[PDB]
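All remarks here apply to the structure that follows.
Residue numbers (the deposited numbering), protein chains in the order written: chain B, 172 to 212; chain A, 173 to 212.
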């Protein structure tokens with residue numbers, strides 16, 4: 172049931188660029204966005 | 173809502189992905205930001 176139709180992979184590529192290729196930051200933001208998506212619906 | 177997250181750039185990406193559908197972009201931006209503020 173985990174959401175797959177938001178373009179998560181494209182969002183991740185955007186975030187990796189924005190955060191200067193900081194993997195830890197990308198992981199933190201992707202985790203919270205996807206957790207939040209589930210909690211908000 | 174943490175403004176270090178590049179919400180405007182995410183919106184531009186969604187607009188392309190959803191064929192410029194305003195309603196879809198709104199739906200997704202609403203839920204992403206509601207979820208961000210809820211989630212820790």
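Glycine included, C-beta positions come from ideal geometry on N, C-alpha and C.
| If you draw a straight line from the alpha carbon of residue 194 of chain A to that of residue 209 of chain A, how long is it in whole angstroms? | 22 Å
| Assigned secondary structure, residue 202 of chain B (DSSP; H/G/I helix, E/B strand, else coil) | helix
| query | Is there at least one Cβ from chain A nearer than 9 Å to residue 172 of chain B's Cβ? | reply | no
| field | Among A/211, A/197 and A/206, nearest to residue 176 of chain B - alpha-carbon criterion | value | A/197
| For residue 183 of chain A, which three-state DSSP category applies? | helix
| said: Classify residue 200 of chain A: buried if its beta carbon has 16 or more other beta carbons within 10 angstroms, exposed otherwise. | reply: buried
| query | How about residue 181 of chain A: is its C-beta nearer than 9 Å to some C-beta of chain B? | reply | yes
| residue 172 of chain B - DSSP class collapsed to helix/strand/coil | coil
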